[PDB]
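Residue numbers (the numbering used here), protein chains in the order written: chain A, 2 to 104; chain B, 2 to 104; chain C, 1167 to 1294; chain D, 1167 to 1294; chain E, 5 to 155; chain F, 5 to 155.
Ideal Cβ placement from N, Cα and C applies to all residues, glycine included.
Here is the structure we will look at.
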Amino acid sequence: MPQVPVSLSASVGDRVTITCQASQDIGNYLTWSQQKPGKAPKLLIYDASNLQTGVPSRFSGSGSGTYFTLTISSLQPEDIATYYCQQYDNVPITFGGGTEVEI
Amino acid sequence: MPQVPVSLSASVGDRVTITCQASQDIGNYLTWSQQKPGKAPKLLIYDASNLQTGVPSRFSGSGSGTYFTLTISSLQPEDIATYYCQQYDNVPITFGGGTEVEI
Amino acid sequence: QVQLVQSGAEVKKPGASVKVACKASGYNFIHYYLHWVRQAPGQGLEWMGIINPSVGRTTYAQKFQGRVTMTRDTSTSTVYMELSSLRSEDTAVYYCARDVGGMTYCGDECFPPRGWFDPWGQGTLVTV
Amino acid sequence: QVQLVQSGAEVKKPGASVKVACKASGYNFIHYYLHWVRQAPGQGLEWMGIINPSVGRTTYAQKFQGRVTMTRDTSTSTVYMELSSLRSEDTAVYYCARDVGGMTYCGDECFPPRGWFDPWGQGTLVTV
Amino acid sequence: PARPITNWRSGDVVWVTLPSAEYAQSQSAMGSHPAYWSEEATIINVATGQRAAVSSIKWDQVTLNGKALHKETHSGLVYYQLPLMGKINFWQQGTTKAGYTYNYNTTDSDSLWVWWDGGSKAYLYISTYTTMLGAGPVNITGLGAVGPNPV
Amino acid sequence: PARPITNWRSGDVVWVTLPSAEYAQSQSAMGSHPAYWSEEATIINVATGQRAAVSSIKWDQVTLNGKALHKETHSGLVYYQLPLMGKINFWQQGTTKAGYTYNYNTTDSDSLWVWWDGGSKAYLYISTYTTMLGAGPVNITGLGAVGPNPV
């Protein structure tokens, strides 16, 4: 599951879009997670687009089938982390590769 | 639910029989519990006769409907306690009254 | 591991509210009914009421009619008991015990809820 | 409260067995599947296998085929991971994550088990 | 709390209750066959224990296997479908008087149907053949297992 | 673990599996009507998650609502009964091909039946009308709710 943007830096308050590509159809069995340097990865959205409770409304998912995307409306400083796309369709779970977001 | 024996003392190694009488038909919805002076009551048998896992095989229940009884084959010193019969048939749970057993 | 832990012992003056909690761990809190049983130091066991930890329904005893309220907290898996008038005769060890058999999803189809008392709480002594 | 706690970090010599546990509390242990994911300090996340805490079935990865065994303990609500050959490249943070959606009683009828990762473990670092 | 009651997956077990149920001679959502309905129904997830009043669910937000439910509009009324693997088993509350569905002699599996007005009023419909439990009002209880999305 | 899988109560939900099920033209335990049976069946308690192989259960120790099960002897074979509130819902494993019971047009509630030889061999029987899912062997999955004891 290649992640087309590997490292994107944008001004504070800009919009960020991160895309994931699959090798076969998954549907909505994909999730977006955020990982800080020392921590366990925190879950942003359940499925292709389903916001977790507590995550602020900047994060929102999209996409279906094979092409998935993650969009963020504002680029608050708490967004310096890595984001991952991981499918849960087939038995071998695989991850994206990660994007480093800077300001 | 009167308990006919209120206090019975028997020699170590004797057989102990404790009877409970109900005001109405209960079926097998009765349990026997053992309580030490300072403790929560410990459970001997689930139903009219169904031994708890871990309780020695001395303790054995019997009876059905209205007349219930508790039997003890040997009277090891660990038996100095109080025993209670409590129904779980109708909405107000009621207890027996207790028997103080001595050696 | 299935276990119920109760709050510490308290002493109250004649006329006061005592709130006793019973935390739950090791299973599904909302699946099992819970009870409260009082234990005077000399007398025997006195059942006080039952609670549904899924909808919050209660069923109190005739003696403890206008004085007892029971509540639950799903988030922290705790059930609460409150005694209001609190005369000197309300000096007892209060117990929380998990009920089995009927598991709160049948509804009224299994609410003569039949089941022996799976783990009793450690006990909490209140002195008035 | 749903939570998974892992054992402390460890350091091992090249060639050894490391056993990492993940205690479970706040829910039904036997109802949910669990996974194990490694995290090399520079590289990304590597899923290693899945476990059914009800029957004990496993499904490992091709890379960790002859080196990884996973076990469970129903009594203590814990799942275990073992790495055998343990070369220097096995320096990673190992994670336990609870799987949702398919809940071990359907069987094969829901075992492409679909569900995101509900709480990840705190992580355990092993250095070879 | 791991998966919301709104989220559904194949293999979920659902315990429905249809209090003071009425009898509808023809139900459009099931191709004009009789159904039982209650306006105060409750959906219970047996394995996880979560429950919700049917009238309290925003049904356009309900998903099954990651996708939105299959909905049909019949004469201006919106009906949401929750497919099940197998037939829906229901019986009169408190009795052993069991009912049967319209496809009693058929391989076709049953599916729950919900009407929702977009606000706080909703019904729950189950396939039936006749007044085998009466004309209503009567309390009934249904049990079923959630199945894959329609193709 | 609160109540053993051997202890049954009214309202329990049971998820049965009958791998490699065969078809019996007449079953004595249900009054000479067809049934599906598997010798490697497994019983799942959906709400509590416990499970047990049918062949691994000593069925003379199984109780329902505090009392032993109802058993019938037919031509030297002992059959144990687990009554259900409603009909038993079963379907072919992995497919939406559902089956139906013998009393498809009847109020009578269905009931699981088990044969046991006293050792480590046991079958599980479900009421059926015909070979609606085939003559066997075929994997099937059943779902039902435990009901009160027979009178």
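| Query | Result |
| --- | --- |
| Beta carbon proximity, B:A49 to chain F, threshold 9 Å | yes |
| Within-9 Å CB hit, F:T145 to chain D | yes |
| A:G28: contacting residues in chain H (beta-carbon distance under 9 Å) | Of the protein chains in this structure, namely A, B, C, D, E and F, none is chain H. |
| Residue from C:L1200, C:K1189 and C:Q1209 whose Cα sits closest to the Cα of C:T1225 | C:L1200 |
| Buried or exposed by the 16-neighbour rule on C-beta atoms within 10 Å, applied to E:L88 | buried |
| Opposing strand residues paired with residue 1295 of chain D [DSSP bridges] | The displayed coordinates of chain D run from 1167 to 1294. Any statement about residue 1295 of chain D would go beyond what the structure contains. |
| Within 9 Å, strictly: CB atoms of C:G1287 and C:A1258 | no |
| Identity of the residues DSSP links to residue 1116 of chain C by a beta bridge | Residue 1116 of chain C lies beyond the range of chain C shown here (1167 to 1294); nothing can be said about it. |
| Reduced DSSP secondary structure (H/G/I, E/B, other) of D:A1227 | coil |
| Below-9 Å beta-carbon distance, F:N107 vs any chain B residue | no |
| CB contact check: E:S113 to chain D, cutoff 9 Å | no |
| Local conformation of E:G146 per DSSP, three classes | strand |
| Where E:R13 meets chain D, residues with beta-carbon distance less than 8 Å | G1267, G1268, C1276, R1280 and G1281 |
| Contacts of D:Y1271 in chain F (Cβ-Cβ under 7 Å) | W19, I48, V50 and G53 |
| C-alpha distance - F:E76 paired with F:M136, whole-angstrom precision | 27 Å |
| N- and C-terminal bounds of the beta strand (DSSP E) containing F:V82 | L81 to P87 |
| Reference D:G1181; option with closest CA among D:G1267, D:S1254 and D:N1218 | D:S1254 |
| Classification of F:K91 by the beta-carbon crowding that lies within 10 angstroms, buried from 16 upward | buried |
| Burial state of F:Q97, where buried means 16 or more other Cβ atoms lie within 10 Å | buried |
| Beta carbon proximity, D:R1264 to chain E, threshold 9 Å | yes |
| E:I92 at chain F interface by Cβ criterion, 9 Å | yes |
| Beta-carbon proximity of A:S58 to A:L71, cut-off 9 Å | no |
| F:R55 versus F:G15, F:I47 and F:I61, residue with shortest Cα-Cα distance | F:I47 |
| DSSP beta-bridge partners of E:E76 | E:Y83 |
| Neighbour flag for C:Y1193 against chain D, beta carbons, 9 Å | yes |
| Whole-angstrom distance between B:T20 and B:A82, CA atom to CA atom | 16 Å |
| Proximal residues to E:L81 (C-beta, below 7 Å), its chain only, five neighbours per side dropped | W119 |
| Given E:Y83 as reference, the closest of E:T52, E:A126, E:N143 and E:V50 once Cα atoms are compared | E:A126 |
| Nearest-angstrom beta carbon gap, C:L1252 and C:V1186 [assumed within contact, 8 Å] | In fact, because the Cβ distance is near 12 Å, the residues do not count as touching under 8 Å. |
| Cβ of A:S63 within 9 Å of any chain D Cβ | no |
| Same chain, Cβ closer than 6 Å to A:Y89, neighbours up to 5 away in sequence not counted | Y30 |
| When E:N153, E:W19 and E:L68 are compared against E:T10, the one with the closest alpha-carbon | E:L68 |
| Straight-line gap, residue 126 of chain A to B:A49 (C-alpha atoms, nearest Å) | Nothing about residue 126 of chain A can be read from this structure; chain A reaches only from 2 to 104. |
| DSSP-derived helix/strand/coil call for C:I1196 | helix |
| Top-ranked residue by Cα proximity to F:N109, from E:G103, E:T111, E:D112 and E:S113 | E:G103 |
| Complete runs of the beta strand (DSSP E) confined to the segment 9-76 of chain F [at least 3 residues] | 17-31, 37-42, 46-49 and 55-57 |
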